[PDB]
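For ligands, and for the atoms within them, numbers begin at 1 and follow the listed sequence. What you see below is based on every heavy atom in this structure, not just the backbone, and it leaves out hydrogens, waters and symmetry mates. We number each residue from 1, following the sequence as shown.
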Amino acid sequence: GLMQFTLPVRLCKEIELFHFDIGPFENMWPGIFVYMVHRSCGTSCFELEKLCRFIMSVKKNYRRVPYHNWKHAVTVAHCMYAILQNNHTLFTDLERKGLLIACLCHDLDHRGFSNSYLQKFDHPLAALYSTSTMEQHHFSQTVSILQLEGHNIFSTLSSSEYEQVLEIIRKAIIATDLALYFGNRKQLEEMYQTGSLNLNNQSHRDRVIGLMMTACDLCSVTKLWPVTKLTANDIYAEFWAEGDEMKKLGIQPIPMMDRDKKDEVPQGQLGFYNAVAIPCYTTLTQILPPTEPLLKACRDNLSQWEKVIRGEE
Ligand SMILES: CC(C)Cn1ncc(Cl)c1C(=O)Nc1ccc2nc(-c3ccccc3)[nH]c2c1
Ligand SMILES: [Cl-]
Ligand SMILES: [Mg+2]
Ligand SMILES: [Zn+2]
């Protein structure tokens, strides 16, 4: 109980920053997550034995894919940690608890393929879950692990609190379906601009948490340029494999998934920053001003992609 996780001095300091990279030492990532839970939530939020058993079972249910892997899970949890720590008073005890767990679990059992590829392949998951196919799967996997013997980190919660935290996690994980982000941000933009935004309105809070989930999920675009650039290679390794699998179904893939259109990556990144990332962090900064460093880091990376196009790199 008087047992803190401690990090080396450079990590202790840099983990507080939005652009922190969790490093290449896989064996430190569980400790990095527990450290963030302890500071974000409290050393009391979870029984350490159950938490450690939960974390190791979550890790085991991430696959050895180039990008949608255990490192992505802990990376997305860290961005959520940074948002929560910079917005101390805005979130409930249940929300702090639920949201770090939601982030760790949000891509459980990902195969490196989009909802669209599952649909075209006619994968069994696409018949079970007609929309947000992988995201409904990720939530199902989260519940399955929570129900393993000795894995119920939420055991000390009252029945009502338990039902509330699972509903926070479910909504948070479904919100990582990027297809749903466009309409969520549009509604939040209108609400902010007309001054109707009310954080006491549960349906408004749901929308704000949804945007936080998009922001943490896309956080590779908010790292220092060398991290952003090297992460893009892992993302494209998955996209191009999916494109190969589309060609095997006799379907021409979209250019972003076609390894033959590698040359159009820089312009593709520009479209993504302008259509998704920048708008996402802009609306997040309007609602939660202390998240401005994410928007600043995103604009810096946009200007690096612009320099790549101009042959300056
Ligand atoms: C991991 C994912 C599921 C979500 N994600 N997370 C972080 C980041 Cl970045 C992304 C992401 O979606 N990046 C992304 C988005 C749209 C793109 N369009 C092109 C393109 C277009 C024409 C020619 C060549 C390339 N490349 C793209 C890359
Ligand atoms: Cl603190
Ligand atoms: Mg996902
Ligand atoms: Zn993700």
Side-chain angles (χ1 to χ4, degrees), residues 4-7 12-13 15-17 22 29 33-45 58-59 61-63 65-91 93 96-97 99-119 123 125-126 129 131-142 169-182 184 209-223 231-232 234-239 242 272 276-277 280 290:
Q4 294 305 243
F5 282 64
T6 73
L7 301 178
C12 178
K13 290 196 207 162
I15 194 162
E16 291 311 316
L17 307 188
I22 62 174
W29 300 340
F33 184 77
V34 170
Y35 180 86
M36 292 189 299
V37 167
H38 281 177
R39 289 198 97 240
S40 229
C41 198
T43 51
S44 47
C45 277
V58 170
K59 165 183 166 79
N61 283 282
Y62 276 92
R63 298 189 177 251
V65 292
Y67 177 72
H68 287 101
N69 54 41
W70 177 230
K71 190 175 194 171
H72 172 65
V74 178
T75 294
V76 167
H78 164 268
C79 189
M80 182 60 72
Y81 169 75
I83 294 175
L84 294 175
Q85 288 308 260
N86 281 269
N87 297 279
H88 175 65
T89 66
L90 249 50
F91 303 95
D93 299 57
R96 292 179 159 276
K97 270 184 232 217
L99 283 182
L100 296 160
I101 297 296
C103 285
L104 195 69
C105 294
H106 84 283
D107 274 329
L108 265 165
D109 193 38
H110 207 290
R111 329 297 179 100
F113 298 115
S114 67
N115 290 336
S116 164
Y117 174 70
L118 280 251
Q119 266 134 17
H123 192 283
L125 291 173
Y129 308 122
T131 61
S132 300
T133 301
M134 284 305 307
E135 294 79 17
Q136 296 203 62
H137 186 59
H138 304 316
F139 180 65
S140 175
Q141 292 276 290
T142 305
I169 293 164
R170 187 187 63 77
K171 288 173 190 165
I173 291 178
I174 299 305
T176 62
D177 180 8
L178 205 58
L180 299 177
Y181 149 76
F182 297 95
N184 185 50
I209 289 161
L211 189 66
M212 289 162 59
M213 291 300 291
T214 310
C216 298
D217 203 14
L218 298 186
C219 74
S220 86
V221 304
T222 71
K223 304 305 187 187
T231 307
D234 300 330
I235 294 162
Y236 282 113
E238 291 192 0
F239 286 172
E242 171 164 334
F272 185 72
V276 185
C280 171

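- For the residue pair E16 and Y81, a side-chain donor N or O sits within less than 3.5 Å of a side-chain acceptor on the partner.
- For the Zn ion (ligand 4), the set of nearby N, O or S atoms under 2.8 Å includes one belonging to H72.
- A side-chain contact (heavy atoms from CB on, under 4.5 Å) with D107 is found for exactly one of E135, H137, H72, namely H72.
- For the Zn ion (ligand 4), the set of nearby N, O or S atoms under 2.8 Å includes none belonging to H110.
- For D107, the N, O or S atom with the smallest separation from the Zn ion (ligand 4) is OD2.
- Using a cut-off of 2.8 Å, one finds that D107 contributes an N/O/S atom close to the Mg ion (ligand 3).
- A donor-acceptor pair is defined here as one N or O able to donate and one able to accept, closer than 3.5 Å; such a pair exists between the side chain of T214 and the backbone of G210.
- Residue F33 holds its CZ atom at 7.5 Å from CH2 of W70, rounded to the nearest 0.5 Å.
- The N, O or S atom of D217 lying closest to the Zn ion (ligand 4) is OD1.
- Of the possible donor and acceptor atoms, none in the side chain of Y67 sits under 3.5 Å from a partner among the backbone N and O of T231.
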